[PDB]
Each structure stands twice: as C-alpha cells, then as structure tokens.
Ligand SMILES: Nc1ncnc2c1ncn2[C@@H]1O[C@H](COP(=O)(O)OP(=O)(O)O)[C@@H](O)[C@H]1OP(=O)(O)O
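Just one chain follows, in the form deposited without this ligand, and it is written as structure tokens.
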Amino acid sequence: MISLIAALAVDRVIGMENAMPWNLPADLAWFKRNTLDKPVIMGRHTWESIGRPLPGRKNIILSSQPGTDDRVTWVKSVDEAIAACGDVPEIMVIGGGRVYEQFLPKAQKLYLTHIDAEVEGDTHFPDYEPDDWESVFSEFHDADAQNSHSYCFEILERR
C-alpha cells in the first residue's frame, strides 16, 4: 500500500525557492518514525535537497534523468517505482509536488503535518476531497522551546 507523507503549512503549502522558515525537529522526528524501514519514493529535487540517502530506508528516486549515485535506485516511472519496492506492506511517498500528485490516486493513507505557519510558497500538496478520507489520528502540539510553531499530526485512511 501506498502512503503519502508530508508537512503542510497553511493552504497546503509545501515548498518554495527559499528554506522554510520554521523549526520542527518534532516533525522530523515524526517523519522518521514513520518512514524507517520502508521504501521511500521521491523526486529528483527532493533527493537533491536531502543530499544523502536516508539511512534505514530503501531510497527510490523518481526521475527522467539518469542518476549518478549508485547508492540508490533510480526509476523513470510510477510503475517502476512501485516495482522496485518489492513485497512490502507500506510504500511511503515523500514528494515533492508532482510526486504527490502522481501517487495520490493510488494512495490509501496520508500522514500529514499541519503547521501553523503562513508563507508564500510555490508548491502545494494536491487537493484531496475530505469526504473521501477518514481521520483516524490527530494530534495537536503547541510551539515550545524547540518547535518554532504549533503543528498537528494527522493520518487519514481512504474511505
């Protein structure tokens, strides 16, 4: 099963030119815990930004480009992407945008981080129809000494 995971700001903003202005270790931590030991699919840019494969996980890159790093697996198609995940219980899509778009329709579960932040982004998580999904988990947290903003943990299952 495919699952998407993402951090979202107000308006479903997920990306921009510049570095996101916020400090969410707790989020990083959530992400971690939810991806660890699972295959992860991501696009080129994401891969770039990250700059090293994520330890503990089968890193799969979705590009058209040929890719240098042999530490990961590159693929050119959604089908391939999936193919490369083998026999697993959950496949985790980590974006970006188009990636999310592509996988959304195959996606059965979503892990979303809702951040109380307002920014001018260039990228947005694809709109999804609420009526189609069920919140089976949600967990609010205020900003604290380590998290610059308040944010909330949500997991939706496809209805």
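Numbering starts at 1 and follows the sequence shown.
There is another form of this protein, the form solved in complex with this ligand, and it is not shown here; the text below is about that form.
> Can any non-hydrogen atom of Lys38 be found within 4.5 angstroms of this ligand in the deposited bound form?
Taking the distances in the deposited bound form, the answer for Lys38 is no, it never comes within 4.5 Å of this ligand.
> So, in the deposited bound form, is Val78 in contact with this ligand at a 4.5 angstroms heavy atom limit?
Flag for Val78 set to yes.
> Give a yes or no for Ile60: in the deposited bound form, does one of its heavy atoms lie within 4.5 Å of a heavy atom belonging to this ligand?
No, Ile60 stays farther than 4.5 Å from this ligand in the deposited bound form.
> Does this ligand get within 4.5 angstroms of any non-hydrogen atom of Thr123 in the deposited bound form?
Result yes; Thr123 sits at the interface with this ligand in the deposited bound form.
> In sequence order, which positions of 27 to 66 have a non-hydrogen atom within 4.5 Å of this ligand in the deposited bound form?
Contacting residues: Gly43, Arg44, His45, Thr46, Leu62, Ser63, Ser64, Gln65.
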